[PDB]
Structure formats: C-alpha cells, structure tokens
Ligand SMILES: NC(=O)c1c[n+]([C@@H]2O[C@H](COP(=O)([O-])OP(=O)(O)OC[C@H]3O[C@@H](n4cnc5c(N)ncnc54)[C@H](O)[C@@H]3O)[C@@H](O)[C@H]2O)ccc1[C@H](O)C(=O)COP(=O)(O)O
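Single chain ahead, written as structure tokens, the form solved without the ligand.
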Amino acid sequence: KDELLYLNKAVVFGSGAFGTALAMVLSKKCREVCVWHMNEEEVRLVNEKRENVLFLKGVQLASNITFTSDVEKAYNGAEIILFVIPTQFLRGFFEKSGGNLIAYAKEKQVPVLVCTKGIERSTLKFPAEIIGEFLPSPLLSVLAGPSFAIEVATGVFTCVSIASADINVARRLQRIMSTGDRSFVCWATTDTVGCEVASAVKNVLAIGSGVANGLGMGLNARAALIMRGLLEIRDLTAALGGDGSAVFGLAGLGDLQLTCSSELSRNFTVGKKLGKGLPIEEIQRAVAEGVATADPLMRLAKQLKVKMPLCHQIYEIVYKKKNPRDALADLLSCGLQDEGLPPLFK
C-alpha cells in the first residue's frame, strides 16, 4: 500500500534542530503536533515567536505545531511518538518522567520512532536499544538517512530510511512519515543495528574528515575516508548482530557521505583545528558529537574485538594528544592490500 496515512496527533520528545525539523514534516501528515521541551519558560518564548529560536532559528513553525513542557499533555492522544532526546538524557527521561507515557504507548500500542543517535557511556548501548529496555521492540523503529535539519524543515527534497526488525512496522511508519508532496521520501529496511551504528560512527568519522582538511588533504582524501570508514561501520555492525543491509543504503553510506562533507559542522571544524595542530583543550575553551562518541565507540570496539582503524586514530588524536601526522602515518603503516569487499555476484 503506497497510500499515505494521516493522523490526528503526533508528539516529538526532543526539541533540537532535527526534532523540530521532523515536527515540520509531521505537521503535514498530522492535524496536531506537539513537541516536548523541559523548560516552560522556553516553551513560551518559542510558541510566542512561532519559531524555535533555540535550535532551529529562521524557520517559522507551522501553526499546528506546539511546544509544551508537559509530558502527559505532550503525549496525550498521540498516534505516533518520536524520540529525539539526547542519548545521555535518554534513560533519565524514561526513569523520571516516562512511567505514564510507557503505559500509554504500550496500552494503545502507539508506534515509536527513534531518531536519537549516539552511544550511552555507561552501558555502550545505542538509543533504540536503551528505549527497548522500556518499550517493547515491536513498537520500535529507527529513522536514519542524509537529512540536514534545515533542509528537512523547509521541505527541500530528502530521502531517509526507516528500520524495524519486522519490515512491516517499518512499512507502516513509512506511510506516516512520507509527505503528500513527495518532498520527504522514506524507504523501508530491517537493519536497525546498522542504522544505529552508522548514526553514531559518522560523527567520529566526520572529525577525521576535518582532520584531513586541516592537514592539507583534499577531496580525494575525504572520499577515501568515507569509503574506508564505512567498512568500519560495516564491521562493527556485524559484531553487534546486525544484518548490515543498511550499511550501503541511505542510513549508512548516504548519511556518512553527507556528514563527512558538512564543512561548517562542528565535528568538521573541530577536526580541522586539530588537523591544523590545535589541542583539544584550546579547541575546547558545545561538544562535537564526534568527540563525545569517540571514547564509548572505542570501548565498545575493544570489547567486541572489532578493529576500526580510522576511528581508533581519530580517538587517539582527540583523546590522547596524538599528532595527526603521526596518526596518518600509523594508519598508513598497514602495507599494500586488497580492498576488502566481497563479491556481490558469484
């Protein structure tokens, strides 16, 4: 059924750029949309302004979008729930404020769309896996793909993938998240793990991309960082039990390539500084997603015994003061090799 599905209400927990862009998308398929944001006072300012001046400045919100500081009201009546809360606050939220919400989701069986990306430091678990400790897996899907928020927010042509172990849940969410004007196009996949691994690794890789830029390298080098980096995503995915079908799709390759080329992104600028020789502190004197993700990624890789050449040097450069040029050299120390890609066709 390529027939879209329209709803009465949707709520988005998480008011940053992407969550807000996604509200914009939903505002066209849902009569009403709420966006949960902890500070009431902020909830005010924003609703007055008709624009999220905190995280999505310049975009005027659709009239059917309303910010609220009240969890219960926020989800009350929602027929789709999206989580965009940062990884680090994710578990806390369910602990302290999601008891009723969970009960609802479960009672009413409301489909949940995980849009949060990262690795929790304490358990080395990804977002949907943490949510899955609270909500049943069948209600769980993941949204991932090349989707800069501003463009998604302004309705500029965007494609994403939606993943669920049960392809059928993914297909339904597909009918809800996809727009009537074909400006937000969803593709179904079963690979949740691949999507989450890619979503998190890409940030780490993006710092490598800036590193390469700050070291004097050019576009050929970025293209190779993306190609070789992807195999690291592929390998960590296998180790975590993913089926890997998203690696080479929009959520893996597609998003990685977009994220590694976002020159003005913080991951990129931080990597460029480091590449230009600036030390982290000084660079430090918000956190780049790749900086925060690098350490838990590395602990996870070590635990699973997964080598991730680029991620590893990126972690050493970020964490252990490694000179970038030395890191490049160590990286280049492997010798001559075969590409490392299996045939597709026998």
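Throughout, rigid core stands for the largest set of C-alpha atoms superposing within 1.5 Å between the two forms. Note that residue numbering follows the sequence shown and begins at 1.
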Between 98-106 and 265-273, larger RMS Cα displacement in 6 other deposited structures of this protein after core fit: 265-273
RMS CA shift, core-fitted in 6 other deposited structures of this protein, bigger for 187-195 or for 214-222: 214-222
Unresolved deposited residues in the interval that joins residue 285 and residue 286: 1 to 3
Between 68-76 and 207-215 (mean CA B-factor, as deposited), the higher: 68-76
Mean temperature factor over C-alpha atoms, higher-scoring stretch between 164-172 and 126-134: 164-172
Which of 117, 276, 91, 228 ranks first by CA B-factor in the deposited coordinates: 276
Third of chain Cα B-factors occupied by residue 100: highest
Residue 108 by Cα B-factor - lowest, middle or highest third of the modelled chain: highest
Residue 294, C-alpha B-factor rank within chain (lowest, middle or highest third): middle
Third of the chain's Cα B-factor distribution that residue 23 belongs to, per the entry: middle
Chain thirds of CA B-factor: placement of residue 45: highest
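Not on display, but discussed next: the form solved in complex with the ligand.
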Listed residue (237, 189, 178, 267) with a non-hydrogen atom within 4.5 angstroms of the ligand in the deposited complex: 267
Single option in 81, 193, 230, 84 placed near the ligand in the deposited complex, where near means a heavy atom within 4.5 Å: 84
Among 239-247, 142-150, 99-107, 164-172, the region lying within 4.5 Å of the ligand in the deposited complex by heavy atom distance: 142-150
Contact label in the deposited complex: residue 115 to the ligand, heavy atom within 4.5 Å: yes
The ligand contact at residue 304 in the deposited complex, heavy atom, 4.5 Å: no
is_contact(residue 53, the ligand) in the deposited complex, heavy atom dist at most 4.5 Å: no
Residues of 8-37 having any heavy atom within 4.5 Å of the ligand in the deposited complex, listed in sequence order: 14, 15, 16, 17, 18, 19, 37
